[PDB]
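# Structural overview
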Amino acid sequence: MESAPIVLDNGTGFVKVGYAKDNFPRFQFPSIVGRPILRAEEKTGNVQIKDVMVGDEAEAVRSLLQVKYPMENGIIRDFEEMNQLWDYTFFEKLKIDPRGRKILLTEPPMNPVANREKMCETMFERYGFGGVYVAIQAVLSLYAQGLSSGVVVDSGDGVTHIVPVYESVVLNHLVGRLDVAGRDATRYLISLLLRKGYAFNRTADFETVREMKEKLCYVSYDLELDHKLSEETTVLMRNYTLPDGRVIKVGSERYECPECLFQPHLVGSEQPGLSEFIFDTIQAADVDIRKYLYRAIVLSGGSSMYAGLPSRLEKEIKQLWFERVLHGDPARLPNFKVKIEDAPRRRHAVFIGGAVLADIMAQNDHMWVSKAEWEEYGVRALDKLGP
Amino acid sequence: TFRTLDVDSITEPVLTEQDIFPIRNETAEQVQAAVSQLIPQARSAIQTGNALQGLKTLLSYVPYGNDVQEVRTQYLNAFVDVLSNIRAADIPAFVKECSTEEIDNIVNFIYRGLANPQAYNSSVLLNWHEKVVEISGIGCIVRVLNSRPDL
Amino acid sequence: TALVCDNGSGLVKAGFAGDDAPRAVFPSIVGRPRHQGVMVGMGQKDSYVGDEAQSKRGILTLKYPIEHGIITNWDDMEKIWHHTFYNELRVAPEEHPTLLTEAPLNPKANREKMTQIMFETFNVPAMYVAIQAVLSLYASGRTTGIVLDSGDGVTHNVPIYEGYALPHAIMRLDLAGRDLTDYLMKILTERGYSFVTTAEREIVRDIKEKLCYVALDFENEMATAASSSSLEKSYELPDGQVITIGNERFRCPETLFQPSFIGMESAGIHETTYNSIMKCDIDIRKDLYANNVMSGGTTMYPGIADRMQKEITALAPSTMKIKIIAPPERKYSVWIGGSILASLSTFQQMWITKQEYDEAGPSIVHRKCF
Amino acid sequence: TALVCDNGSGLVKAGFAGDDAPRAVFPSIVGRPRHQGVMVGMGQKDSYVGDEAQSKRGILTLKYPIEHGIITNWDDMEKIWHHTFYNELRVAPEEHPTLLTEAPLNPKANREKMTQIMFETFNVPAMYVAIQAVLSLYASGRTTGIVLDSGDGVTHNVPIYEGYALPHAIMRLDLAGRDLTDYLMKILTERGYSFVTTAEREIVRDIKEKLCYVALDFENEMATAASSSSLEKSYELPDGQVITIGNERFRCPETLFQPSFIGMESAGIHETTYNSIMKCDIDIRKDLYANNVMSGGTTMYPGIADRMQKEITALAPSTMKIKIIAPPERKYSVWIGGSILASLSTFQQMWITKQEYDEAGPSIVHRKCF
Ligand SMILES: Nc1ncnc2c1ncn2[C@@H]1O[C@H](COP(=O)(O)OP(=O)(O)OP(=O)(O)O)[C@@H](O)[C@H]1O
Ligand SMILES: Nc1ncnc2c1ncn2[C@@H]1O[C@H](COP(=O)(O)OP(=O)(O)O)[C@@H](O)[C@H]1O
Ligand SMILES: Nc1ncnc2c1ncn2[C@@H]1O[C@H](COP(=O)(O)OP(=O)(O)O)[C@@H](O)[C@H]1O
Ligand SMILES: [Mg+2]
Ligand SMILES: [Mg+2]
Ligand SMILES: [Mg+2]
């Protein structure tokens, strides 16, 4: 495959994996583990269910599996299941012997330190990687853009987080989590569909509503317009066919679902949504740099892909500088240049950025935490990895 | 809260109908004179019974513009009056001899007469609508859909 | 050739002798990156300087290595000196004899340690280090006058008569643009325009340079601002917000005429002219009033020449004529005068040079640099 | 009798002049319900204030109408004054004159809109708007000092000597018990505890009040906390669920001495106090080292008075005798100070009366008050 560093975005919803200088993930698959179950459902000799089924092998066969997720909110909940993703990732997707390899990992900006420690311990002591580096997921997405300033916001399956950057300095006091992302919009889609009477409360049906959200949802650009189309008109109604063959009608739930990123109170969170979170983050930066942040807001991660999200977010920041800085005076609004970067690749920007960064530091062997350094200092060897 | 404050109206100025259709060159008083000389020719053509030559001459010029409702309405009053005074068996002999430009002026104003039934008799306009579309084809309505909005 | 700089307490200006204006002029600043986290694939300096620090400033702590005209950080001056030579003027210093400056009544060791690094680190053939006021009598075609100067960290009056210094009457005041910026930054809190960061000092310094003026009758101008908005003006910060500045725009420069505004229980800018003129000799005092040149960047305010005229005229006896001389090139005048002196047809023997420094050390500078 | 009402930037304190502690003291909060679904007619209301907001907080969104000592939200601040008068003190305010409190270097428009709405709504007979640090001096029983106030939203130094305050020497910093709670909500993420609601901020405040302390020497406590669980403690949430907390007990208060932990460019409170005394004249500097009075609830941590001394004695010259005055009642010292001041025989002529507000409007407060 390659002799250069391996890179692994072990995301909350998808693992993406490959090597330094890859222009796109070598593989990606759901970060799911399954165990065999029987369920008053179809059975077939067309496939054989092993005791542990993971990644693509599980998601293609999940009618037969008790599906479980090793991660939530960007943290590993169960390491015995994350070991069964990492075994699969290295031994039967990449088909590697990890002994002495160097690997780049990722995690979100405010995780428990016990998560990075036990993730590095596992890399040194199950697999025996020769070197490890862990990067904050949103600073990777800035190397993908070929860029060195402008606030980058990453929204994944687990967490939405923001990292302001100016002239290659990373503003660690302004980095932030919004604990609402692509999974809370999916648990919410199940809860909207339950008002229509459709039940999706089996563990294997969660991937079906992920595929449904990912297919049919869009972010409303103007809520009183989509509420007009929703209440006055049939035009929003769309038929989705489940893998069961059942057809379900979905309507206001197309815009009303991804709206929880802009209004977290719909999912019971008191936090401010994307527009108000990015504004209260840029507007907390020092006076000299705020222009260079509004001139380059960078979107990233799969939950930034909803149709209309770049346009809703740009509008909803022009609309919010207008309330909170101009106090509703139109005279200065045309002077407020805000720009959203919303590139075609952006779902993979954390991986594509990781694959750039893992080239920049492939040969600098002191830059990685080495296995030989881990085995003498333990967890204190990770203090190499910044503030 | 902020969600309802519109900004598109004040940061992204939209097109105007005068960007899509060229503005009228003739001034308001210059068309108000041009119509006020024609309406007496149409009123006279009814009084001498030659109402069909009334329509042929009235239809030789058309007023248009958001500045001229007080004379577009007078032109429409004369046109609906002239349509109400042509015998229904003469209509197929008039329509087959109109140019495609004149036809697209007739059917454009019958859809203005049909917009105001409390001032115009619809029954004779619907009769002209059947005969003008049956003779000259469905595209003559499509040229009305597409036409200038200040006609 | 020769090379001259006013090593300024906030704004360095430098160039070659016989040029009519300085070819390098930049903030007297070393800046350092304020946050621990940097993108690991990309370049940052140890520290930034001049217009590079000024344009980078949002992520920097900014340190002025000169304060009140005293070199406070020699280890940082060694960077801004290097910046004048190798980055702005693009010279090799070992070719060029040099003219430096300092204020009167400076710490004696400042004159010594700048001499020490100019020979031991910048290798120069020769130097001299003149009184900033004396250079600012040059570039006005003059040999008698009471030069009045205000820089960034320094103010002083020097009476010169027919080419002779008068050190009983010389005096220096530690008020200048730095203290006026601190006071403007403080009184802007009164509107709610909170500026606190070393980087925000710079945008408040820009507001001071652009929006301020010296009012002619402060106690009535204050009542004018209370009764009319017609003297309020708008300034746009680098983020695009707009700031309304009113009576605070002339309260700031007033601190020169009323130092008690910053708690300084000391004589005003006009009074220090009188307390030096009326300390000069019994006849020459009668024509210092005809030859008082203004110099240094803080003397650039609009309205200041009219104020300076009326106030010293109220203190002086009205039997004799009074003016004030205020060149439009005011803010460079120390350097313009240095450019003249370092190219003058008798000054080419005046320097200190290595052949004497190698045996006297830096201790020689006090023996011929006044 | 007169009322004294400390406009706490997080904790309101109200009472009658000459009484020795606040008669009522409650959070400066207005809370609104975050749920629209309701048991109809069942006693709900559209705003809960003070202890009604705390006891109901799980269903509310809580917002303080004061931030950094500035009232950001006037339509809600008058609900808090309505509560201080009619529900806590249980009086008609129009019978009693009110002493209010303010931070130094606040927007003058804050003190204007405060004196306006206090006469124009509550119709008090008379009022005054004293600076919090000079109030705290009365409770300390002395005429010389350098009061260090540290509240919920601000911290400030006011050097003061035989009653002459030094307004050029004042320092103010927007770092206080709110920012220490923000930083505790941030660093506790490293344990895997996520706090995000404005209700959970009050849990993180209660943790910070019960378990945090100032390290006497920070990088020695950091080494000690890494060396053993000897330093760890436990807290039980309003859920029966248990929290364990370790070096986070002193990394939180350390922010007050190292503002760079929250990215803010400032001196810590030791260096800020030193730079405030070093801004006073040298005859006064000899005495204010012996009189560092402390005030407000952020000066309340275990170990702060000793570490405040060990830091300020490293900056002060060794010939000086250097003392911190930290009373056991220091949380309320500005209110006890106002209770003393409003009771003085000599103060009763210098209230602003309702009669002289009508002659001038709210801008009278700038001549009647400091
Ligand atoms: N077109 C789309 N429309 C809606 N949602 C999308 C779209 N494309 C991807 N997503 C959602 O993005 C999520 C996966 O994105 P991503 O791989 O960036 O998350 P992750 O990196 O695994 O999560 P995290 O970064 O939080 O650990 C899923 O919820 C998926 O349904
Ligand atoms: N237009 C202006 N009006 C008022 N002050 C000005 C103006 N332009 C520059 N300044 C002041 O000039 C000062 C610099 O003067 P300068 O002569 O360079 O100081 P120094 O003698 O210390 O070298 C700055 O502090 C700045 O505030
Ligand atoms: N015992 C204590 N130990 C530590 N912090 C305390 C203690 N008691 C209260 N606090 C702090 O006191 C602050 C309130 O102080 P206070 O002086 O009343 O502020 P304010 O007057 O401005 O409203 C709270 O933000 C809290 O962090
Ligand atoms: Mg991700
Ligand atoms: Mg100078
Ligand atoms: Mg307080």
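Residues numbered from 1 in each chain as written, not as in the entry; some residues may be left out. Chains lettered and ligands numbered in written order. Part of a larger assembly, values for the part shown. Heavy atoms only, no water. Residues with missing side-chain atoms left out of burial classes, pairs and counts.

## Concerning the interface of chain A and chain C
Counted only if it meets this: Throughout, a residue-residue contact means that at least one pair of heavy atoms, one from each residue, lies within 4.5 Å. Here the buried area means the combined drop in accessible surface, using a 1.4 Å probe, for two parts upon being joined, counting both sides. When a carboxyl oxygen of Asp or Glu lies within 4 Å of a side-chain nitrogen of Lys or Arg, that pair is called a salt bridge.
Each side of the interface is counted separately: chain A has 29 residues, and chain C has 27 residues. Counting each side, the surface lost to burial between chain A and chain C is near 2400 Å², with a carbon and sulfur contribution of 60%. For chain A, the biggest contributors to the area lost against chain C are A:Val169, A:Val287 and A:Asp288; these three give 25% of the whole. For the pair chain A and chain C, the interface holds 5 salt bridges.

## Quick look at the interface of chain C and chain D
This is how it is decided: Under the rule applied, a polar contact is a pair of N or O atoms within 3.5 Å (in protein, one hydrogen donor and one hydrogen acceptor; residues adjacent in sequence only if both atoms are side-chain atoms). Counting from the N terminus, the helices are the DSSP runs of H or I reaching at least four residues and the strands are the DSSP runs of E reaching at least two. Amino acids outside the nonpolar list (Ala, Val, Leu, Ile, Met, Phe, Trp, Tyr, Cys, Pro) and the charged list (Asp, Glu, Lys, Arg) are all regarded as polar, and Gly is one of them.
Contacts between chain C and chain D engage 14 residues on the former and 8 residues on the latter. For the pair chain C and chain D, the summed buried surface comes to about 950 Å²; carbon and sulfur atoms form 45% of the total. Together, C:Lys186, C:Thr189 and C:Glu190 form the three largest contributors to the area buried by chain C at its contact with chain D, with a combined 46%. Across the chain C-chain D interface, the total number found is 1 salt bridge. Residue D:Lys108 is joined to C:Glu190 by a salt bridge in which the shortest nitrogen-to-oxygen separation is 2.8 Å. Seen at the junction of chain C and chain D, the total is 5 residue pairs in polar contact. Mapped by element, the contributors of at least two residues to the side of chain C that touches chain D are β6 (60–63) and α6 (198–211) of chain C. Of the residues that constitute the side of chain C that touches chain D, the class distribution is 3 nonpolar, 7 polar and 4 charged.

## Thoughts on the site of ligand 2
All names here are of chain C. Convention followed: Think of it this way: one heavy atom of a residue within 4 Å of a molecule or strand is enough to make that residue near it. The Shrake-Rupley method, run with a 1.4 Å probe sphere, supplies the accessible areas, and residue values consider only the shown protein chains as cover.
Among the 17 residues in the neighbourhood of ligand 2, the closest are listed as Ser9, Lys13, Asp152, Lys208 and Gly297. Within the contact set of ligand 2, an oxygen atom lies 2.7 Å away from a side-chain nitrogen or oxygen of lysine 13. Here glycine 297 contributes a backbone N or O atom positioned 3.0 Å from an oxygen atom of ligand 2. Its free accessible area being 580 Å², ligand 2 has 93% of it covered by the protein chains. With 3 residues, α6 is the single largest residue contributor to the shell around ligand 2.

## So, the arrangement of the chains
When the 4 pairs of chains in contact are ranked by number of contacts, first place goes to chains A and C. At the level of C-alpha atoms, the two units chain B and chain C stay apart, their nearest approach being 16 Å. Note that chain B does not reach chain D: the shortest distance linking a C-alpha of one to a C-alpha of the other is 15 Å.

## Considering the environment of B:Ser123
All names here are of chain B. How we decide: With a 1.4 Å probe rolled over the protein chains alone, any residue whose accessible area is under 20% of its type maximum counts as buried; one over 50% counts as exposed, and the rest are partly exposed.
Tracing the backbone through its elements, the reader meets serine 123 in helix α8 (residues 122–136). On the accessibility criterion, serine 123 (53% relative accessible area) is exposed. Note: C-alpha distance between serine 123 and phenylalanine 21 (102 residues apart in sequence) is 32 Å.

## Some words on the domain arrangement of chain C
The condition is simple: In this document the domain limits rely on a domain assignment from an automatic tool or a database.
You can read the domains of chain C as domain 1 (1–26 + 68–133 + 333–366), domain 2 (27–67), domain 3 (134–180 + 270–332) and domain 4 (181–269). Here domain 1 of chain C and domain 4 of chain C have C-alpha centroids that lie 34 Å from each other.

## Things to note about the site of ligand 3
All names here are of chain D. What surrounds ligand 3 is a group of 17 residues, the closest being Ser9, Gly10, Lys13, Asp152 and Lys208. The side chain of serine 9 places a nitrogen or oxygen atom 2.6 Å from an oxygen atom of ligand 3. In this structure, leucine 11 approaches ligand 3 through a main-chain N or O atom, which is 2.9 Å from an oxygen atom. Contact with the protein chains removes 91% of the 580 Å² of surface that ligand 3 exposes when unbound. Elements that contribute at least two residues to the shell around ligand 3 include exactly β2 (11–16) and α6 (200–211). Counted by class, the shell around ligand 3 contains 3 nonpolar, 8 polar and 6 charged residues. Taken domain by domain, the shell around ligand 3 gets at least three of its residues from each of domain 1 (1–26 + 68–133 + 333–366) and domain 3 (134–180 + 270–332).

## Digging into a nonpolar patch on the surface
Residue and element names in this part refer to chain B. Heads up, the condition is: Put simply, a patch holds well-exposed residues, over 30% relative accessible area, that have no salt bridge, with like charges counted together within 9 Å and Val, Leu, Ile, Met, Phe, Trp or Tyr side chains within 5 Å.
Together, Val14, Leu15 and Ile20 give the surface a local cluster of nonpolar side chains, amounting to about 370 Å² of exposed area. Position of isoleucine 20 relative to the elements: it lies in helix α2 (residues 17–20). By relative accessible area, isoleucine 20 is classed as exposed at 55%.

## Comments concerning the pairing of strand β15 (residues 233–236) of chain D
Residues and elements named next belong to chain D. To keep things clear, this is the line we draw: Strands are treated as partners if at least two bridges between them are detected by DSSP.
In this sheet, strand β16 (residues 242–245) lies alongside β15 in antiparallel orientation, the contact comprising 4 bridges. Looking across to β16, one finds that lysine 233 is bridged to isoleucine 245. Linking β15 back to β16 in an antiparallel pair, the connection comprises 5 residues, with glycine 240 at a positive phi of about 70°.

## Digging into the relation of the copies chain C and chain D
Quick note on the threshold: Alignment of copies: least-squares superposition, C-alpha atoms only.
Mapping chain C onto chain D is achieved by rotating through 167° and translating by 27 Å along the same axis, at an RMSD of 0.6 Å. Looking at chain C, a mere 7% of its interface residues are interface residues in chain D too, so the copies touch through different faces.

## Brief notes about the packing of aromatic side chains
Note the threshold: Only rings of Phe, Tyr and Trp enter the pairing, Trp through its six-membered ring, and a pair is recorded when the two centres are within 6.5 Å. The plane angle decides the type: under 30 degrees is stacked, over 60 is edge-to-face, the rest tilted. Both a distance and an angle decide whether a charge sits over a ring: NZ of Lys or CZ of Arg must be within 6 Å of the ring centre and within 35 degrees of the ring normal.
Under the criterion given, the structure shown has 34 aromatic pairs over all chains. Between A:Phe90 and A:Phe129, the aromatic rings sit 5.0 Å apart at their centres with planes inclined by 70°, giving edge-to-face as the arrangement. Of this pair, A:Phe90 sits in helix α2 (residues 79–94) while A:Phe129 sits in the loop between α3 (113–127) and β10 (131–136), and the two are 39 residues apart along the sequence. The class for A:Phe90 is buried, based on a relative accessible area of 0%. Every member of this aromatic cluster is reached through a ring pair, and the members are C:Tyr183, C:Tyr213, C:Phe218, C:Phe250 and C:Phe261. One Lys or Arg, D:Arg178, reaches over the ring of D:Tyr64 and ends 4.3 Å from the middle of that ring.

## Concerning the sheet that holds strand β1 (residues 6–10) of chain A
Note: strands within a sheet are paired through backbone hydrogen bonds, in either parallel or antiparallel orientation. Residue and element names in this part refer to chain A. Put simply, the rule reads: Fitted lines through C-alpha atoms serve as axes, helices being fitted only where they are in contact, and the angles separating the N-to-C directions of these axes extend from 0 to 180 degrees.
Overall, mixed pairing links the 6 strands, which are arranged β3-β2-β1-β9-β10-β20 in an open sheet. At either end of the open sheet lies a strand with only one pairing partner, and these are β3 (27–30) and β20 (369–370). Bridge analysis of strand β2 (residues 14–19) against β3 gives 4 bridges, and the strand direction is antiparallel. Its bridge partner being in β3, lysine 16 is matched across the sheet by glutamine 28. Running over the sheet, helix α4 (residues 137–144) touches β1, β9 (102–107) and β10 and is turned about 90° from β10.

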